[PDB]
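Student: my complex, first installment, coordinates as in the assembly:
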Amino acid sequence: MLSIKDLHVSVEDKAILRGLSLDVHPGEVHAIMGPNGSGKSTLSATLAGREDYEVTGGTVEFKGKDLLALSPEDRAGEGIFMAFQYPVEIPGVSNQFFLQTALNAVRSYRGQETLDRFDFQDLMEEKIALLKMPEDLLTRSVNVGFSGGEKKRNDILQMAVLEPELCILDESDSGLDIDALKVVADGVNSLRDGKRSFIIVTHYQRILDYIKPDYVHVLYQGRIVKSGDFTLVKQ
């Protein structure tokens, strides 16, 4: 479903990424590793549609459409979701209003329709339970008063609700613990239908113990210098 080819991207005037190629097929879990400054979070930012990232070469296309020409909301409509490394607080906007508006948006974009409130909050209850969220989540302003763990799990809940085709975790395992990680793992894993694919950009690799990658890739000075299966070890 996803094909990225010879990607030269630069912010700052950076040399961030000089030629990266990755091809992802439906039903696959890919892990992405490396040291900081390799550009992995830039990879995520470029896929998500962050504005200040200049693409100086190559292309990224998703199901045969050029992704790089699409706005963030359109890339989301196409089924790309990103779990943020630092989920944003949006005071004054309830989780319910947010998730419902987004859901209606992507249902519309996909030519499908639409959740009755009755069923929508059943879905919500199910996902709240699944990720062990506060039961009042719907009426609380998004991520306000949440710890890092709660924000991470919240974004995974969003992932569960909006039903994306390609899910990217962008250093989303940061600052979590063994079993907050079991929880996000449960949430992510409950989403494997053999259709969806997952790109895990790792802060550190223990996440891959609870979400096991079918493939593993390693970044250096932006570039993929290694690939393999679940089994890869260091030093």
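Tutor: It's in. Numbering: from 1, shown residues only, chains lettered A, B, ... in the order given.

Student: I figured residue A:151 hits residue A:144, correct?
Tutor: No. Applying C-beta atoms under 8 Å as the test, residue A:151 and residue A:144 come out as separate, 10.0 Å apart. All C-beta atoms are positioned from the backbone trio N, CA, C, and that covers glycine.

Student: neighbour count for these two, which is higher?
Tutor: For the pair residue A:151 and residue A:144, the greater number of neighbours falls to residue A:151 (21 against 14), based on other C-beta atoms under 10 Å.

Student: excluding its backbone neighbours, what's nearest that one?
Tutor: When the adjacent residues along the chain are set aside, residue A:151 lies closest to residue A:87, with 3.9 Å between them (C-beta to C-beta, 6 or more residues apart in numbering).

Student: assign that neighbour to helix, strand or coil.
Tutor: In three-state terms, and counting by DSSP: H, G, I helix; E, B strand; the rest coil, residue A:87 is coil.

Student: residue contacts, it?
Tutor: A:143, A:146, A:151-152, A:154-155 (C-beta atoms under 8 Å, 6 or more residues apart in numbering).

Student: and for residue A:14?
Tutor: Neighbours of residue A:14 in contact, by C-beta under 8 Å, 6+ apart: residue A:42.

Student: what's the next secondary structure element after the helix or strand that residue A:107 is a member of?
Tutor: Per DSSP states H and E, residue A:107 falls inside helix A:95-109. Following helix A:95-109 in sequence order, the next helix or strand is helix A:117-131 (DSSP H and E).

Student: now the sequence for chain B, which goes on the structure above:
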Amino acid sequence: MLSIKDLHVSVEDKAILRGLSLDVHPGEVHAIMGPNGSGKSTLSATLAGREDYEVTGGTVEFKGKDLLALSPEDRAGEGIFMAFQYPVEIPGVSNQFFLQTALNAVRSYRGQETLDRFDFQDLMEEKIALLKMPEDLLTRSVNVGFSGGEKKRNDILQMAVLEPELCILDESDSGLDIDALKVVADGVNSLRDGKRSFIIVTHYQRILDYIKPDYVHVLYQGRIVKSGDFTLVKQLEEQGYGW
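Tutor: Time to bring in chain B:
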């Protein structure tokens, strides 16, 4: 000696204290009780030299000098200290500077002279521990951000520093739980040289358990209608009189 002679004191035109007489000698602890509105607070304020309490007829004398003719700062110099029921916040002003100023003032008065950094320092570290105040108290602004109990304890810490001869607790036991009450008590008791005297104006009777008074007086309508030792406090419950 504190000799309170014949006191009639009126407040915003109302006579509150009517002809009160009390004598206090060095080393002694006196407790003053009553229902609210019997003139406890008024007595405290009169002794402190609060300007809104007009003594109408009546007299108060401390250490051979007329007390009512002295300004509040002068009465402080003479050794009168009042632990307030509602201590004040003084923003921007550290406890160290405030204390140091008070101490140097009352020391300049009395013809003593300014303290050396070492003994002020030692004394502070020492009292701060005794009253379980925050370690950083010296750099904090006076009473700022403190709970009520912390303010009470802060002023007893002040009492332990400024070297008063006559200490009046003016309902300063108010809103204190048992542990706070104890710490305050240890504070006051550590100040007993047999020289200092103590007048405890009581909000609630419980503080008398921690500091045992030599004398107990009951204010009704501005004067003392009953007197005795500690036992008095119990006794009244049996006599159907209370307070």
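
Student: what about the contacts of residue A:14 again, now that chain B is present?
Tutor: Contact analysis of residue A:14 by C-beta atoms under 8 Å, 6 or more residues apart in numbering or on different chains lists residue A:42.

Student: then the one 4 residues further on?
Tutor: By C-beta under 8 Å, 6+ apart, the residues touching residue A:18 are A:8, A:57, A:221-223.

Student: can you list the residues that contact the helix or strand hosting residue A:73?
Tutor: In this structure, residue A:73 sits in helix A:72-77 according to DSSP H and E. Residues outside helix A:72-77 that contact it (C-beta under 8 Å, 6+ apart) are A:47-49, A:62, A:67, A:102, A:105-106, A:109-110, A:162, A:164.

Student: from those residues, pick the one nearest residue A:170.
Tutor: residue A:48 (7.7 Å; C-beta to C-beta).

Student: before we move on, what SS does the nearest residue to the closest one once chain neighbours are set aside have?
Tutor: Of all residues not flanking residue A:48 in the chain, residue A:82 sits nearest, at 4.7 Å (C-beta to C-beta, 6 or more residues apart in numbering or on different chains). Recorded secondary structure, residue A:82: strand (three-state DSSP).

Student: from residue A:200, how far off is residue A:82?
Tutor: Noted for residue A:82: a distance of 11 Å to residue A:200, by C-beta to C-beta, to the nearest Å.

Student: now do the shared contacts for the two.
Tutor: Joint contacts of residue A:82 and residue A:200 (C-beta under 8 Å, 6+ apart) are A:168-169.

Student: here's chain C, drop it onto the model above:
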Amino acid sequence: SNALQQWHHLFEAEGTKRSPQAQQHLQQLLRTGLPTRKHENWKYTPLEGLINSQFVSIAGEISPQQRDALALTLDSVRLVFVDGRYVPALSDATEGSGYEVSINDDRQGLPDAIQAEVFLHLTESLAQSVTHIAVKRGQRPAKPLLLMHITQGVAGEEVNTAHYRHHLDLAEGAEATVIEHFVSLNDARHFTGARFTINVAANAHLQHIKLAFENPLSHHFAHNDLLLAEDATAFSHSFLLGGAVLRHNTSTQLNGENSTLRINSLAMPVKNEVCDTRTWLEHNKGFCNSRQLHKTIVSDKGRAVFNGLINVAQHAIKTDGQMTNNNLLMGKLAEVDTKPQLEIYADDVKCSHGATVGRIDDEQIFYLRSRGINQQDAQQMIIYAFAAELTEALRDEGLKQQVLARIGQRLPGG
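Tutor: Okay, chain C now, added to the rest:
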């Protein structure tokens, strides 16, 4: 300028008997004249469009269908005014409503102005009649009083002008809600002016709501007065959305102790518009608390102007007052000019203000877009949230929703 003389001729116009009060106002209007951009209080608010224009006072007439097409959906006691003129046919019977209402030109009992300025005078002189509204002692009417103003322009470069004047007396212990609604019949530009004086007696509770909803090309210049006795409560919420140039004044005196005052406004300039919202508050007695929240959202080369002043009279002790102005600038060419002001003649008081100027959080926007929500919908969620504190004070849900729609029309949507 030529404008003063035109207004003068409108004053002295055919077959119009004018009260002594109106003439007195006209003369001080003519004495001070019109302010320039170098006046202290006129720096940011343009008069150039208004003072070169040809003015006419033409009272037209409208059908009930047009009215209800423009009207709020609300259950109320509704008085309808067209082009400075009370229209009985379009109004509701006020008897037994709890409101004693009389429309006429007798001004003998009307209070003096708290702060006098040129346009207050203009409105006072050109007002064709006065609405005398009284709520009797202890009464708490079941329905809110709604004053609807329908103003229209005329063909040509002529500016049709209309001036409305109301006075409401809340008797001791009375509790009432009153709403000002301002709309344009059509897109022809017009010059509106309005003055609502309210007297709040002891233990009386007032809720005042002003909705200035008129067309993008018009001019709206209004001055309101609130007089509070002791133990009195007054809330005033103004949502100023409409007009090309809008300048609103609310002047309040707290003349008695233990009174509560709260004054809010919302300004949302789009497209070259200037929205000026001003307050004047005097604590003349102590033990009063006052709170003010003034929010502006500026788009599109728009200009928001805030001015507010808290004067604490000598000896008014235990005054508690606060003023807040929060401004959000989304246009690169957008401007906000804000001057919160304290004049404090008493030491034992607590008075503070704060004023902020801020942007849209880009990170929030991106976060919302990344889940599939369109950029504009996102920005609207955030903006709505920013004005939510103001719109949430409207207790009537039906009314609130309409106001939120009116707000929505000026957003990047609809």
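
Student: back to the contacts of helix A:72-77, now that we've got chain C?
Tutor: In contact with helix A:72-77 (C-beta under 8 Å, 6+ apart) are residues A:47-49, A:62, A:67, A:102, A:105-106, A:109-110, A:162, A:164, C:366, C:369-375.

Student: in which helix or strand does the residue of the stretch 151-300 of chain C found nearest chain A reside?
Tutor: Of all residues in the stretch 151-300 of chain C, the one sitting closest to chain A is residue C:295 (12.6 Å; C-beta to the nearest C-beta). Using DSSP H and E, residue C:295 sits within strand C:289-298.

Student: which among the contacts of helix A:72-77 count as buried?
Tutor: With burial judged by 16 or more other C-beta atoms under 10 Å in any protein chain shown, the buried subset of those is A:47-49, A:62, A:67, A:102, A:105-106, A:109, A:162, A:164, C:366, C:369-374.

Student: still on that earlier bit, could you check the angle the helix holding residue A:107 makes with strand A:90-94?
Tutor: Note on geometry: by axes from the mean of the first three to the mean of the last three C-alpha atoms, to 10 degrees, helix A:95-109 and strand A:90-94 are set 70 degrees apart in direction.

Student: what residues of helix A:95-109 count as buried?
Tutor: A:95-107, A:109.

Student: is any part of that helix close to chain C?
Tutor: Yes. Counting by C-beta under 8 Å from any C-beta of the partner chain, chain C has neighbours in helix A:95-109: A:97-99, A:101-103, A:105-106, A:109.

Student: coming back round to it: what lines up beside the strand holding residue C:295 in the sheet?
Tutor: With DSSP bridges as the test, strand C:289-298 is paired with strand C:260-267 (parallel), strand C:319-329 (parallel).
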